[PDB]
Amino acid sequence: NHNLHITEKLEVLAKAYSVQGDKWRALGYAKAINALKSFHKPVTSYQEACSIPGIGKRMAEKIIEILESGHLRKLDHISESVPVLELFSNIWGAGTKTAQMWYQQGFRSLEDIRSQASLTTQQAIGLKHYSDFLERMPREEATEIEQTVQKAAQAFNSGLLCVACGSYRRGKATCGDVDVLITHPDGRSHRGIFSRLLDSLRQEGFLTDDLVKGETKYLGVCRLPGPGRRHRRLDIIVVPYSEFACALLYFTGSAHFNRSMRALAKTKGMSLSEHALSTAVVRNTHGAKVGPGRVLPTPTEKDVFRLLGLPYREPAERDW
DNA sequence: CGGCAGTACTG
DNA sequence: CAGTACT
DNA sequence: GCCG
Ligand SMILES: [Mn+2]
Ligand SMILES: [Mn+2]
Ligand SMILES: [Mn+2]
Ligand SMILES: [Mn+2]
Ligand code: NA
Ligand code: NA
Ligand code: NA
């Protein structure tokens with residue numbers, strides 16, 4: 001990154017807008033930040049700034065103040081609530097609205113939350129693991145978690161295929177959580193396995209808490225056995241084989257990569273989701289779907305890229 | 001002016 | 001439904 | 001916040 005002295009300041013404002021609920025302004029900041037973090041050269045001119053897709057006059061103005069003064073005055077006017085809103089929003093299951101409500105009601109510390117807040121079932125689990133869920137794991141540990149799920153799955157049906165996606169599959173050295181996709185080539189045997197699979201992982205002691213238990217996705221908490229182990233977030237999704245390519249593409253991400261591809265598909269009268277790539281999709285003037293279109297066959301990730309007119313990208317170059 | 005991805009849970 | 005979460 |  002050639003523009004650390006710029007992006008460090010702007011990320012502070014991005015986080016401030018985000019925890020305060022100003023989601024679209026925060027998205028603009030996030031995009032400008034990766035745009036600036038990807039430019040080879042330090043930015044030198046106002047005219048240099050606007051050159052960058054994702055930087056307009058407002059952002060260019062800010063960048064100029066930074067290079068001429070070394071600072072951004074807006075930083076000095078960020079609300080005192082923001083560190084607390086960030087503290088509270090880092091509880092799994094609490095977002096901006098819950099954080100703002102707790103702040104309004106006078107809460108200022110996790111001790112206040114523990115002793116006085118009404119927590120949802122998910123939020124009480126998030127609070128209990130507050131520190132663990134903010135720590136990343138070595139990818140070696142993500143492998144052990146993937147293999148634990150796979151052995152429990154393959155015990156029920158040898159044909160089940162399990163793949164760790166997310167940051168693991170993009171090849172990162174550390175992972176925030178483990179994202180496991182499960183399917184079955186026979187197009188049938190994936191059905192109703194959650195019952196037995198989660199029960200199997202629970203009877204081990206491996207699964208320690210459940211956050212979401214849906215028909216197709218599970219979000220929870222695990223911990224490998226032995227000393228020196230932290231609780232880790234684990235997500236599992238079970239999909240039919242006909243959706244494997246799109247599910248793999250979705251679950252591998254990154255998030256910004258997925259949003260970029262989905263926006264591209266929209267421009268082409270298409271729609272991309274974790275289930276399918278569709279064409280001839282009918283939308284209103286508001287960008288909203290009002291007609292479903294036709295599902296396109298996508299046996300592999302490469303086919304999704306091809307049907308969108310894009311060169312194929314390995315998971316590691318999807319780390320946007 | 002107005003979209004900014006598309007979807008699944010939860011209560 | 002609003003809220004939060006997933007990539 | 002940016003951009004079509
Ligand atoms: Mn992940
Ligand atoms: Mn995850
Ligand atoms: Mn722990
Ligand atoms: Mn994530
Ligand atoms: Na620009
Ligand atoms: Na949260
Ligand atoms: Na009180």
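In the text below, chain A, chain B and the rest are named by the order of the sequence lines, each starting its count at 1. Side chains included, hydrogens not; waters and symmetry mates left out as well; all remaining heavy atoms used.
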Do the side-chain N or O atoms of [X] get closer than 4.0 angstrom to the phosphate oxygens (OP1, OP2) of [N]?
X	N	answer
A:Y29	D:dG1	yes
A:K31	D:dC3	no
A:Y17	D:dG1	yes
A:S254	C:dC6	no

Nearest-nucleotide pick for [X], side chain only, options being [options]:
X	options	result
A:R233	D:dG1, B:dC9, C:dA5	C:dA5
A:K62	B:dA8, D:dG1, C:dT7	D:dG1
A:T216	C:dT7, D:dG1, B:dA8	B:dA8
A:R262	B:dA5, B:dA8, C:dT7	B:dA5
A:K266	B:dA5, D:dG1, C:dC6	B:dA5
A:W24	B:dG6, B:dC4, C:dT7	B:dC4

Taking N or O atoms only and anything under 3.5 Å, show me the protein contacts with nucleotides 2-4 of chain C, one pair per line.
| residue | atom | partner | partner atom | Å |
| --- | --- | --- | --- | --- |
| C:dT4 | OP1 | A:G95 | N | 2.9 |
| C:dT4 | OP1 | A:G95 | O | 3.4 |
| C:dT4 | OP1 | A:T98 | N | 2.9 |
| C:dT4 | OP1 | A:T98 | OG1 | 2.7 |
| C:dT4 | OP2 | A:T96 | N | 3.4 |
| C:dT4 | OP2 | A:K97 | N | 3.0 |
| C:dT4 | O5' | A:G95 | N | 3.4 |

Step through it carefully: locate the ring centre of A:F133, locate the ring centre of A:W92, and say whether they are under 6.0 Å apart.
no
With the threshold set at 4.0 Å, does a side-chain nitrogen-carboxylate oxygen contact exist between A:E274 and A:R262?
yes
So that I can tick it off, tell me whether A:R202 and A:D210 are bridged by a salt bridge, with the cut-off set at under 4.0 angstrom between side-chain N and carboxylate O.
yes
Hey, which sits more toward the 5' end of DNA chain B by its nearest nucleotide, A:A255 or A:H275?
A:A255
Donor-acceptor check, side chain of A:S89 to backbone of A:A99, threshold 3.5 angstrom: yes or no?
no
Counting neighbours of CZ on A:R108 that are heavy atoms of other residues, nucleotides or ligands and sit closer than 6.0 Å, is the number greater than 12?
yes
Give me the ring orientation class for A:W102 and A:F88: parallel if the planes are under 30° apart, tilted from 30 to 60°, perpendicular past 60°.
perpendicular
